[PDB]
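S.K.: The following block contains the structure, expressed as structure tokens.
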Amino acid sequence: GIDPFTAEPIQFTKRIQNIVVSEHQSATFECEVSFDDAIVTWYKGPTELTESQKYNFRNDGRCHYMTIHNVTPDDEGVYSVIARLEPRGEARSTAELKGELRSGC
């Protein structure tokens, strides 16, 4: 009749948003999800992001954080977060990265 709530599709309530970051600073895309058992991977363009003393991935219950250190104009682009669990209805979200210009006199 009606599918169970637990198997219902997973979506990001917070829905990451666009970030503007100074060249020497760091960018963080924060997301929140319906289930805490979901597995999340961040994507930049066709390339997936992995740790290399470059990307810091921190998990906190339903909350998942990704921090990028040393952002370049080149690095500006689109970042996505995808949450996956056994077939329940996967979700995809996007956000844009922008490089803030350094201030001066």
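Residue numbering restarts at 1 in every chain; chains get A, B, ... in the order shown in the structure tokens, and ligands count up from 1 in that same order.
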Quick one: residues within 10 Å of residue 74 (chain A), only C-alpha atoms counted, chain neighbours fewer than 2 positions away excluded, as a list in words?
M.R.: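 Near neighbours after the sequence-gap exclusion: residues 71, 72, 76, 77, 98 and 99 of chain A.
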S.K.: Would you save the residues of that selection, restricted to C-alpha atoms, as a CSV table (one decimal), in the first residue's frame?
M.R.:
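Result file selection.csv:
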```
chain,number,residue,atom,x,y,z
A,71,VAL,CA,41.3,28.0,-2.3
A,72,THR,CA,42.5,29.3,-5.7
A,76,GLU,CA,36.3,28.0,-8.1
A,77,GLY,CA,33.6,25.8,-9.5
A,98,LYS,CA,33.9,31.5,-5.5
A,99,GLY,CA,37.2,33.1,-4.7
```
S.K.: Could you list, as number ranges by chain, every residue within 8 Å of residue 30 (chain A), counting only C-alpha atoms and ignoring same-chain residues fewer than 6 positions away?
M.R.: A: 14, 16, 63-66
S.K.: Which one is closest to residue 19 (chain A): A:105, A:40, A:95, A:33? Count only C-alpha atoms.
M.R.: A:95
S.K.: From a backbone DSSP assignment, name each residue in chain A labelled strand (DSSP E), as a ChimeraX atom specification.
M.R.: /A:19-22,26-32,39-44,47-48,55-60,63-69,77-84,91-100
S.K.: Of the candidates A:60, A:96, A:86, A:51, which one gets nearest to residue 18 (chain A) if we count only C-alpha atoms?
M.R.: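 For residue 18 (chain A), the nearest of the given residues is A:96.
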S.K.: If we count only C-alpha atoms and set the cut-off at 9 Å, which residues sit around region 42-48 of chain A, ignoring sequence neighbours fewer than 4 positions away in its own chain? Please answer as a PyMOL selection string.
M.R.: chain A and resi 66+77-82
S.K.: Smallest atom-to-atom distance to residue 22 (chain A): which of A:34, A:93, A:70, A:52, using only C-alpha atoms?
M.R.: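 Counting only C-alpha atoms, the residue closest to residue 22 (chain A) is A:70.
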S.K.: Neighbouring residues of residue 61 (chain A) were defined as those with any atom within 12 Å, considering only C-alpha atoms; residues of the same chain fewer than 5 positions away were excluded. Please report them as a list in words.
M.R.: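 Once the nearby chain positions are removed, what remains is residues 31, 32, 33, 34, 35, 36, 37, 38, 39 and 40 of chain A.
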S.K.: I need the residues from that last selection saved to file as a compact mmCIF listing (two decimals), in the first residue's frame (with N, CA and C atoms), if you can.
M.R.:
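Printed below is selection_26.txt as written:
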```txt
# COMPACT_ATOMS: atom_id res chain seq x y z
N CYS A 31 26.00 20.24 5.28
CA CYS A 31 24.73 19.62 4.87
C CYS A 31 24.13 18.85 6.05
N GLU A 32 22.81 18.68 6.00
CA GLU A 32 22.08 17.93 7.01
C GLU A 32 21.17 16.96 6.28
N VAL A 33 20.99 15.76 6.81
CA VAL A 33 20.15 14.76 6.13
C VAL A 33 19.15 14.08 7.05
N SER A 34 18.15 13.49 6.41
CA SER A 34 17.08 12.78 7.10
C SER A 34 17.58 11.57 7.89
N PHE A 35 18.53 10.80 7.33
CA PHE A 35 19.05 9.62 8.03
C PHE A 35 20.53 9.78 8.39
N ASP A 36 20.92 9.20 9.53
CA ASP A 36 22.30 9.27 10.02
C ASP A 36 23.14 8.08 9.57
N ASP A 37 22.49 7.14 8.95
CA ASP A 37 23.15 5.92 8.48
C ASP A 37 23.58 6.06 7.03
N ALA A 38 23.32 7.22 6.45
CA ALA A 38 23.68 7.46 5.06
C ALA A 38 25.18 7.70 4.92
N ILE A 39 25.71 7.32 3.76
CA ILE A 39 27.11 7.48 3.44
C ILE A 39 27.24 8.64 2.48
N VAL A 40 28.14 9.59 2.77
CA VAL A 40 28.25 10.79 1.93
C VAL A 40 29.65 11.03 1.37
```
S.K.: In Å, rounded to a single decimal, give me how far CA of residue 50 (chain A) is from CA of residue 6 (chain A).
M.R.: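 Distance reported for this atom pair: 29.3 Å.
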S.K.: Take CA of residue 100 (chain A) and CA of residue 83 (chain A) and report the distance between them in Å, one decimal.
M.R.: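 Atom-to-atom, CA of residue 100 (chain A) and CA of residue 83 (chain A) are spaced 28.9 Å apart.
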S.K.: Just how far from CA of residue 17 (chain A) is CA of residue 29 (chain A), in Å to one decimal?
M.R.: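 Result for CA of residue 29 (chain A) versus CA of residue 17 (chain A): 7.3 Å, one decimal.
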S.K.: Which of these residues is nearest to residue 58 (chain A), using only C-alpha atoms: A:13, A:94, A:28, A:103?
M.R.: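 Closest residue, counting only C-alpha atoms: A:28.
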